[PDB]
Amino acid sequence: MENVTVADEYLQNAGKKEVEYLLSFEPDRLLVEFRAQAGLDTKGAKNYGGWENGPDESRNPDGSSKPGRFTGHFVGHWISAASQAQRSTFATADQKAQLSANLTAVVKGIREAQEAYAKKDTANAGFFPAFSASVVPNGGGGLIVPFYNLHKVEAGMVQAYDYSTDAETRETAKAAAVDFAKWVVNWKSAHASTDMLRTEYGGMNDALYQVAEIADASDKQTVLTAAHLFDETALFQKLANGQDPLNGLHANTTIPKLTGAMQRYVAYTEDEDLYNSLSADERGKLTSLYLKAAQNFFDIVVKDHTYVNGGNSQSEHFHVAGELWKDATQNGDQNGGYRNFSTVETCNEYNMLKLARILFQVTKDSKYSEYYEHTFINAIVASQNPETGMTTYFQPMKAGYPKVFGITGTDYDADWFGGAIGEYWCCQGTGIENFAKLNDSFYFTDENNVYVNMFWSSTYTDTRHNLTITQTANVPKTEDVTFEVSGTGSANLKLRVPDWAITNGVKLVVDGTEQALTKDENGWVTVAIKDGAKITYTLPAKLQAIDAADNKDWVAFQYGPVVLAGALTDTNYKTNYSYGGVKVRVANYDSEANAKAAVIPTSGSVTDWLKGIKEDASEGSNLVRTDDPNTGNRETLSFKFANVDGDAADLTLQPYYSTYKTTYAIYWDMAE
């Protein structure tokens, strides 16, 4: 197998915690609501509760009856994450065997429930019985976003087909997935005049195109039909025209529709039979509608809707182009609900990363890699508590809030959470995938080329080209990246010249000779590689200030690919949150912390003070690097301000991604 064993200690920890969390779920509990709805033996089990509550107070840990719930959505993500983990390299052999056993139990359990349900309600044969079919597609009786929830199960099944080491389990997942697609078409046929897209359906089009990719030849058209039902072509047409229609749209709702557009492109273009199936017009639309919508959506989001950490949205929605500071600061700091703190739902970056990834695969444009790296570090790796492994919902952008993480709802992390019932936010479900597949986008490989998407210490056993590539990277703690190659084959390594590097300082040495940084048409430097190749790639980290389009005086600092955060005040994870939405924990504001985020130039204006920040972070800069490059790991990166008045002078700045024990400032308030 191709594999990427990850050497980085921080990432190894992050991935290990996820494997441990994943192992803590009991199949019988994950399976309860499917079995109940299918009229099968629940074996006395409770569901995991929270978003995975069902209608029934007996099966719900919290004893609640018909609560607002999203039944099946986290089980789906668990199938995805368990599939990913028992094929990645974070889990030991023993962990993988147990995780793969539990995956198998769940995949077969759902299939068994699907088959029993098909007998009980033949009209809806193929439905995944996570909840009542009667409430499709707008929800009912407390069940929210039915197709969103089902989407996770369908996508999960595809991951199980792709990655289960057990052949039976793969074939069962495929059958389950194809039969669900068939249900979608049947259902729609019997509800011809019902609209399916009004209510959030997640990436259902994406998932069904994936099923079409794995389906037997004779099923492909049926599944493509199901998939195309979930293409929101009105939205795509607007995006493909270069319009920005995002103001007021639910952000995480929208983003996966464009990944689905991209999956339609890939499904048809990778299989001549499917491509030949289309009208020459629809063949054209793959590019003019579907790919263009995704390209434009991505560009519009990054330019006009993205915060310094790669993330987007506030109160779960896109707002006016360019109005980032307003959304993050003019919406209140009261306890509870969704307010200033509700910036940058984390699911959104899972989905943005998948969109960048598939756009990279199709186009090879380096800008998607630049984004991927940035958002991976600054939103995804940043989402996780390194001690508990749990992950964030929102990522507050205004200074003075703590990071708030979910809880397990299992016996995992009992030392932290006791016997608390889990909540299972959407964001925890995309969360478990983030860490199960943490190493899935280090490299991309086609016929001749190995693209280095990110700079991390790892070993890639490139089975396509018969090469082992070992990268040593610690950017931006130290500046030199090395690659050593062994094997029998040959390839071109492709390197990005990061925009976060000091361009003049960038140096490429290949087998002891310097090489020019000549970019291909997609932005990549090419290095021929074979057994014995040795590369030193020097990437001096640039320190930069980054403001908001709508406020020059709201400023974050980034060193290399790492956004910095100031540690403001202590926080207590037991009490530092309230609730909003459906059982979503939200950060409590620390006004005393916020005030410390005043940056007040001693001498000169704000403008002058910003000009005095040196790219090299050296003495004389108004923000100086204080850590010793040759002592401590990457997380010991440290900066301090200079020529500032107030508490700011005393603050240390450190990586945002590793900041969790304290309230923090990522954006600072420049004070003239």
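Numbering starts at 1 and follows the sequence shown.
- Set 325-333 against 174-182 and average the Cα temperature factors; 325-333 ends up higher.
- Between the stretches 365-373 and 338-346, it is 338-346 that shows the larger average CA temperature factor.
- Of all the options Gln210, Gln428, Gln114, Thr478, the entry's greatest CA B-factor is assigned to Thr478.
- The entry assigns its greatest Cα B factor, within the set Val136, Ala473, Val599, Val584, to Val599.
- Among the modelled residues of the chain, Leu23 sits in the middle third by CA temperature factor in this PDB entry.
- The deposited CA B-factor of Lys46 belongs to the middle third of values across its chain.
- The entry lists a Cα temperature factor for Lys530 that places it in the middle third of the chain's modelled residues.
- Sort the modelled residues of the chain by CA B factor and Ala38 lands in the middle third.
- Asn53: CA B factor lies in the lowest third for its chain, per the PDB record.
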